[PDB]
Amino acid sequence: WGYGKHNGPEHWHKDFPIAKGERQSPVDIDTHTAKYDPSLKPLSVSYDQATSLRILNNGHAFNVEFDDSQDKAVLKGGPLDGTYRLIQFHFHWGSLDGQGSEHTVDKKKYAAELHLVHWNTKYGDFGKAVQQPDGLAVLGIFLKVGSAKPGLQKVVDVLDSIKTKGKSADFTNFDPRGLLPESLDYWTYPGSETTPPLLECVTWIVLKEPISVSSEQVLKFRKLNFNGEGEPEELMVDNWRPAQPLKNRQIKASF
Ligand SMILES: [Hg+2]
Ligand SMILES: [Zn+2]
């Protein structure tokens, strides 16, 4: 699987029949059809004790991994029940500034999308987590091209070191708090992972407010390779999945 013509998202269903399941992701957020739910609690992001370990090119994106052996960086509150621990974050981005996000807002596409992946601790590990309807929680943040994001530069500068698939680099003392918008207002809906196995275990929390990144910051993302070292160079761009049918689901807003 990939994002090319021959192995793109239109082909995933063949190896993962769940692709055309009942709660697939991403979706279009219709802000006028979204339901204001007053029962929604504010999000609680506790990332003060976060421990970053490394960054690696997995051939479809770059992942920044965190030590999740203890409740170091957790997510609670909102539509969740219990504590969810950060495991890794990654982005989805396009070839041009006009496309790149997975989720859309009233059909608008952003330049990139950031996913902070978290797993429900009653399940003891990530691996058991993906066997449950409420096993994961993904915080999604849109990126729009504007002013540079200070907090992102440490990531940008290390990309040279993990250019091709399989490469990794030690990546400690990175504070994810540098990537959050000012407001935590969000939309939520029951969905799935956006890449194979496309498991339907995710509670999606998509922030209304986008963060801005400079043209030069997004450029560096586009210089990454899908391919492995010593193989024909294929730029790592447009690693996003198109929006899926909502199919009855209801998107609720915290605002
Ligand atoms: Hg699941
Ligand atoms: Zn993602």
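- Per the PDB record, the structure was determined using X-ray crystallography to 2.0 Å resolution.

## Let's talk about the nonpolar core
Line of reasoning, step 1. Formed by 47 residues in total, the largest nonpolar core has its most connected members in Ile 55, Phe 62, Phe 89 and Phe 91.
Line of reasoning, step 2. Elements supplying a minimum of two residues to this core: β5 (62-66), β7 (84-93), β9 (112-120), β10 (136-145), α2 (153-158), β13 (202-207), β14 (211-213) and α3 (215-221).
Line of reasoning, step 3. With five residues, the top contributor of residues to this core is β7.
Line of reasoning, step 4. Not counting residues up to four positions away in its chain, the partners in contact with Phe 91 are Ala 61, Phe 62, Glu 113, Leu 114, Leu 143, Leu 152, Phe 221 and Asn 239.
Line of reasoning, step 5. By size, the runner-up hydrophobic cluster in this structure holds 21 residues, among which are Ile 87, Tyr 110, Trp 119 and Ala 253.

## Details of the UniProt feature "binding site: substrate" in the protein chain
Line of reasoning, step 1. Those residues carrying the UniProt feature "binding site: substrate" are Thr 194 and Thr 195 in this numbering. From the list above, the largest pocket is lined by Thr 194 and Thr 195.
Line of reasoning, step 2. The topology assignment puts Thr 194 in the loop between β12 (186-191) and β13.
Line of reasoning, step 3. The exposure class of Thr 194 is buried, given its relative accessible area of 5%.
Line of reasoning, step 4. Residues contacting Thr 194, with those up to four places away along its chain left out, are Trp 12, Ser 25, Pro 26, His 92, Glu 102, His 115, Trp 204 and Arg 241.

## Observations regarding the coordination of the zinc ion (ligand 2)
Line of reasoning, step 1. The coordination sphere of the zinc ion (ligand 2) contains the protein donors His 90 (NE2), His 92 (NE2) and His 115 (ND1), at a distance range of 2.1 to 2.2 Å.
Line of reasoning, step 2. Sequence positions of the donors to the zinc ion (ligand 2) reduce to the motif H-x1-H-x22-H. Residue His 92 is found in strand β7, and its partner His 115 is found in strand β9; the two are separated by 23 residues along the sequence.
Line of reasoning, step 3. For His 115, a relative accessible area of 2% translates into the label buried.

## A short note on the environment of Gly 4
Line of reasoning, step 1. Looking at the element boundaries, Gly 4 is found in the segment before β1 (28-29).
Line of reasoning, step 2. For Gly 4, a relative accessible area of 27% corresponds to the partly exposed category.
Line of reasoning, step 3. Taking the C-alpha atoms as reference, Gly 4 lies 9.1 Å from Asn 239; in sequence the two are 235 residues apart.

## Digging into the environment of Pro 79
Line of reasoning, step 1. Relative to the helices and strands, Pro 79 resides in the loop between β6 (74-77) and β7.
Line of reasoning, step 2. Between the C-alpha atom of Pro 79 and that of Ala 34, which follows or precedes it by 45 residues, the distance is 15 Å.
Line of reasoning, step 3. If we ignore the near neighbours within four places in the chain, the residues touching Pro 79 are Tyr 186, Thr 188, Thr 203 and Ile 205.

Cut-offs applied
- Residues numbered from 1 in each chain as written, not as in the entry; some residues may be left out.
- Chains lettered and ligands numbered in written order.
- Heavy atoms only, no water.
- Core = buried A, V, L, I, M, F, W, Y, C linked by side-chain atoms within 4.5 Å.
- Buried < 20%, exposed > 50% of the residue type's maximum accessible area, 1.4 Å probe, protein only.
- Helix = DSSP H or I, 4+ residues; strand = E, 2+ residues; numbered from the N terminus.
- Contact = heavy atoms within 4.5 Å.
- UniProt positions renumbered as here; feature names shortened; annotations may be inferred.
- 1 Å grid on protein atoms, 1.4 Å probe; cavity = no way out; pocket = protein on both sides within 12 Å on 5 of 7 lines; lining within 4 Å.
- Donors = N, O, S within 2.8 Å, 3.2 Å for Na, K, Ca; no water.

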